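>>> Experimental structure and sequence below.
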Amino acid sequence: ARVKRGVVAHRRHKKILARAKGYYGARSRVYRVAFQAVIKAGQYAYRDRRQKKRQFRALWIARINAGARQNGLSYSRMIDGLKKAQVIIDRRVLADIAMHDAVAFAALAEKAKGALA
Amino acid sequence: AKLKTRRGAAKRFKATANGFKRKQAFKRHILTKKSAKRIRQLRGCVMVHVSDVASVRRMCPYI
Amino acid sequence: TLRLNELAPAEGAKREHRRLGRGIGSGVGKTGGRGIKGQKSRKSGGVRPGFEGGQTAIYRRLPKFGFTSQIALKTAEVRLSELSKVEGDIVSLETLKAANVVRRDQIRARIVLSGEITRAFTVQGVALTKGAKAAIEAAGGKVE
Amino acid sequence: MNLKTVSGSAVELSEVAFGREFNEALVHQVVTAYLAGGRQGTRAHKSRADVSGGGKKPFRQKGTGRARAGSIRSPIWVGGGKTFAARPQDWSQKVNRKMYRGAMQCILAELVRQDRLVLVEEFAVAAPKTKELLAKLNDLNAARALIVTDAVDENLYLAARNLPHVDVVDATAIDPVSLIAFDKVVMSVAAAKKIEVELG
RNA sequence: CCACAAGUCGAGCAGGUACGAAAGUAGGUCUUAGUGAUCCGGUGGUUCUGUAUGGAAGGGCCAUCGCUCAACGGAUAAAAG
RNA sequence: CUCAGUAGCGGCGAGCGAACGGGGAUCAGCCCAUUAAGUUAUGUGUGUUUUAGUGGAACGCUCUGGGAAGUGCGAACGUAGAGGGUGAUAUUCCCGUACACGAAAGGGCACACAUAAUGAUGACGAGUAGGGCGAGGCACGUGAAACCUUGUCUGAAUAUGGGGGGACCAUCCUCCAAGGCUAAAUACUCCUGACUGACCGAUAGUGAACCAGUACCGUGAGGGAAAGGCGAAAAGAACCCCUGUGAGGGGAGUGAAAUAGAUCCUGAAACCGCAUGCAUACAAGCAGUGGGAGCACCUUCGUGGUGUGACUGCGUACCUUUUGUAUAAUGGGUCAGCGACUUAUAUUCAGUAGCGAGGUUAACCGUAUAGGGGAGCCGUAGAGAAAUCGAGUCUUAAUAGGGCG
């Protein structure tokens, strides 16, 4: 029972090269270089699925800081005031409201500073 | 091919019900300086240690 | 049912053989379970059985003892319960050889008290122990 | 048990030969042994010692910049010997006598309780004629069948030789693969008695 | 106590002793160093074996002898640049 | 085939390794001067086999199609439904197959007769058996070393005799050397015929599927390649045009197909062009990844699809070897194909199946995976160096104690 390797080997190499579409130079043409490139892309994706949450939380905090300083508070004081007032709206919704609705954010800041007082 | 016994080990060991018996060393010569207790307690057969039983089994497969 | 494509072995009867050096996922890739370097990792790498690295071996630091007896190779031992294989009532060396409890080249036999018997037997020329003789006589036989 | 022929006649068969429970693992082992014993096992390959030439070192050990080599017939090289060259083999296995007999008994009992065994008092052919045999099997509704008889008449053998899916064997030549492959087994009473005496 | 092979302490029991009136003490010396496995041979004893049989030769068992094998767990009977 | 990796041999190391007995295959004895069985030639007779060959059954319609053996519907032969071919897949188209016939002439084999010849310089075994010295062979290495052969020196008795039974002696048992012939069971394949394969299918299989032991290399012995495929059928492209009466192409024509057009089935990858869409000439690094504006095409008009990716956070390849590697430590120019834990025997453990105080055959026979074949092996009892005992045995004066059970 002699076995030839051509069909299966060709299928595996073609799948790797198909996943390597769009890369520069030999990285999308040459099997060795392409194979090294796909593994590194997977590792980067695994790491960045964790980095994404931190980056977006930082963005929300910056926007909330800008809105608070427009209303006369700092970010830390506004967060403490909301916690004391028992509002449990999270930073994503707070930043959305800060971006798109100034009056509602002003009301939230009034509530927070009233609780701080 | 059939396994071959190591004939030196065959001459040194014998099989018992649950193991192997052997003679004791230091009783061939230089006997005057040894005390009577060692002379009589190094006489007779003892058992092969469990650390060496596996090697004895490898060397003597038919006993 | 009962077709050449509907028969199966029992569970646990067959296992796949181990194949070394066929990738990471198999768990036995690369070195194939041999470790890294050294004599045992080479082809035909094990040392001779009984070799202990150079110190005097266990079978050479101990003394030889005893001699081999030639008559022991021709003396045969027969259990009492094996007398049931004997056809007839006479128990002798020839009859035991015919019943295949004694090898054909043995020249004498001894009967030991091991099991139980029911039939009555006559013994001619076979050695008996004190227990076996009592058992035979209790069953209802005679000696010589 | 009592068995009924195509004419309704009653035959007595012991439980030992035609009444055992089915042991699938035993049957599988025996059938696989028969199939393996059918192999021929004639082949060979050439190792690095058998390939023509290759005695001299192709080039010196050091200084040339090439990978070191000892012979042009190394299994690494194209045209070199095969790494592990095969030799003719024997593929027969040992089957215990009792295991073989038990497997045959189980097969016969399964055929009986699946209604694939047809008992007939007498099965003879008048002349060596394929059409006559075909009509005789069609009336019994056994077009695809293995025919077992106490003795193999030459006329019956010649008539059956050219029929597809029809084979005729003696009572003392039944094999487990043949008992299973055919759609039906048509057995004479005398053959059934001899197989009874042999206990499968 | 200890990888193994080895090493150390020991009440008590039987026989035959020595010294004490006796209860008793004694299986070397206050103790811890003064040493060498296996193989091969030598000497004394033996209700073991003994290649047809009776013996014998040879072998076994018990006691003991021949190592600066000191590179001292000792690659050979025998070896420098 | 067992006995048996046993008894033994061995710097008693590594290793080497019997015989007796038992089970089979095949079986057979005949002579030394008047001399046998047997063998080899020649001729004759009979029988078989072989070297050319002959006959040899049975199918139509319809649909798809370049072409039917393929679809659908019905039929026939079968001692022939093995195989090969025919424009795609045929028991009934062709060659064949089962079966039945066939030899002027020649060859082989078998048995039986006739003649030769051989056996057959040999008639009971003297420079022989045995011995001293040195070697060799026996499983057996000088060992307690029997037995066989002899280079050298010697040297009997001769049936009231002589050889052997593992140093040697006695007694018993057994055989008759120093003269010959003899089939079968056993070993092998340059070659011939038929058949077979859980053997290969052009980097495989012979080195060699092809004008291969060739081309080529070497003074020589010697070493030693690469290279298969148009189409069913050449029907292998008349004729016209560009060009140098070239190469190459464009029409026309053949063909089911010409991107099947001659190094012609299919035509992958590395590598190299042309075309369209987007990005790109103020910006520093393993070239991606998570976000993300704009543009182009498509569109179920969308919280849609495809291509591109301005700007931005993070981010120093892979393998090996190491205490430790982005390492300026090793290996890889790239692609495609090939390339490394196997096979036989023995043994131990674990699963699983059969039988179970029992289990199981080996060689071999067998028109043969069956059925026979029980020799042998493992288990069922230990203790002791052993003789010996035996649910006990060894040590001991001990029934004490203790060791193995």
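That came in fine, so what should we check first? Numbers count the residues shown, from 1 in each chain, chains lettered A, B, ... in the order given.
>>> does any part of the biggest helix by length in chain D sit near chain C?
Secondary structure of chain D per DSSP state H: the longest helix is helix D:97-114. Yes - Helix D:97-114 is in contact with chain C by Cβ under 8 Å from any Cβ of the partner chain, via D:107, D:110, D:111, D:114. Any C-beta I mention is one placed from the backbone N, CA and C, and that applies to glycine too.
>>> Please apply the same query to stretch D:38-47.
No - remark: stretch D:38-47 sits outside contact range of chain C, by Cβ under 8 Å from any Cβ, the gap being at least 13.1 Å.
>>> Quick one: the helices in chain D, in order.
D:15-18, D:24-37, D:97-114, D:130-140, D:154-160, D:176-181, D:189-198.
>>> Could you do chain B as well?
Counting by DSSP H, the helices of chain B are B:7-12, B:36-41, B:50-59.
>>> could you check whether the second one is close to RNA strand F?
No - using Cβ under 7 Å from any atom of the strand, helix B:36-41 stays clear of RNA strand F, coming no nearer than 9.5 Å.
>>> Same question for the longest one.
No - contact between helix B:50-59 and RNA strand F, assessed by Cβ under 7 Å from any atom of the strand, is absent, since the two come no nearer than 7.7 Å.
>>> And the residues of helix D:97-114 next to chain C, which of them are buried?
D:107, D:110, D:111 (16 or more other Cβ atoms under 10 Å in any protein chain shown).
>>> before we move on, the earlier item: distance to residue D:122 and mean neighbour count added to the helices of chain B, as CSV?
As requested, the helices of chain B are exported to CSV (distance: least, Cβ to Cβ, whole Å; neighbours: other Cβ atoms under 10 Å in any protein chain shown):
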stretch, distance to residue D:122, mean neighbour count
helix B:7-12, 70, 17
helix B:36-41, 90, 10
helix B:50-59, 66, 14
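>>> and these as TSV, adding distance to residue C:95?
Supplementary listing: the helices of chain B in TSV, determined by distance: least, Cβ to Cβ, whole Å:
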stretch	distance to residue C:95
helix B:7-12	36
helix B:36-41	50
helix B:50-59	39
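>>> Out of those, flag the one nearest residue C:132.
Proximity to residue C:132 (Cβ to Cβ) singles out helix B:7-12 among the helices of chain B, at 32.8 Å.
>>> follow-up on the earlier one: of the helices of chain D, which is nearest residue C:115?
helix D:97-114 (25.3 Å).
>>> okay, the angle between that closest one and helix D:189-198?
On the basis of axes from the mean of the first three to the mean of the last three Cα atoms, to 10 degrees, helix D:97-114 is oriented at 140 degrees to helix D:189-198.
>>> what comes up buried for helix D:97-114?
D:100-112.
>>> hey, C-alpha coordinates of it in CSV?
Taking C-alpha atoms only, helix D:97-114 is exported to CSV below (Å, rounded to 0.1, in the frame of the first residue of the first chain):
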residue,chain,number,x,y,z
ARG,D,97,-10.5,-25.8,17.7
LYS,D,98,-13.2,-25.1,20.2
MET,D,99,-13.4,-21.5,19.2
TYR,D,100,-13.8,-22.4,15.6
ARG,D,101,-16.5,-25.0,16.4
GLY,D,102,-18.4,-22.6,18.6
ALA,D,103,-18.3,-19.9,16.0
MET,D,104,-19.8,-22.3,13.4
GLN,D,105,-22.5,-23.3,15.9
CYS,D,106,-23.4,-19.7,16.5
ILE,D,107,-23.5,-18.9,12.8
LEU,D,108,-25.9,-21.9,12.1
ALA,D,109,-28.2,-20.9,15.0
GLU,D,110,-28.4,-17.3,13.8
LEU,D,111,-29.2,-18.5,10.3
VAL,D,112,-32.0,-20.7,11.7
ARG,D,113,-33.5,-18.0,13.8
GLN,D,114,-33.2,-15.5,10.9
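>>> tell me, how many neighbours does residue A:7 end up with?
8 (other Cβ atoms under 10 Å in any protein chain shown).
>>> cool, the one 4 residues further on as well?
Burial measure for residue A:11: 10 neighbouring residues, criterion other Cβ under 10 Å.
>>> Can you classify it by secondary structure?
helix (DSSP: H, G, I helix; E, B strand; the rest coil).
>>> Report the separation between it and residue C:22.
18 Å (Cβ to Cβ, to the nearest Å).
>>> Also residue C:60?
Distance from residue C:60 to residue C:22, by Cβ to Cβ: 43 Å.
>>> continuing past the longest helix along chain C, what's the next helix or strand?
Ranked by residue count and defined by DSSP H, the top helix of chain C is helix C:130-139. Sequence-wise, the next helix or strand downstream of helix C:130-139 (DSSP states H and E) is strand C:142-143.
>>> Determine how far stretch D:180-193 lies from the middle of the whole chain.
16 Å (Cα atoms, centre = their mean, to the nearest Å).
>>> What of stretch A:103-112?
27 Å.
>>> Just the buried positions in that stretch, please.
Buried residues in stretch A:103-112 (16+ other Cβ under 10 Å): A:105, A:108, A:109, A:111, A:112.
>>> Only alpha carbons, please: show it as CSV.
Taking Å, rounded to 0.1, in the frame of the first residue of the first chain, the C-alpha atoms of stretch A:103-112 are listed here in CSV:
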residue,chain,number,x,y,z
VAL,A,103,-28.5,68.9,28.7
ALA,A,104,-28.9,65.3,30.2
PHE,A,105,-25.2,65.3,31.2
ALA,A,106,-25.7,68.6,32.9
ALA,A,107,-28.6,67.1,34.8
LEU,A,108,-26.4,64.1,35.8
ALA,A,109,-23.6,66.5,37.0
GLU,A,110,-26.2,68.5,39.0
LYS,A,111,-27.3,65.3,40.7
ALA,A,112,-23.7,64.3,41.5
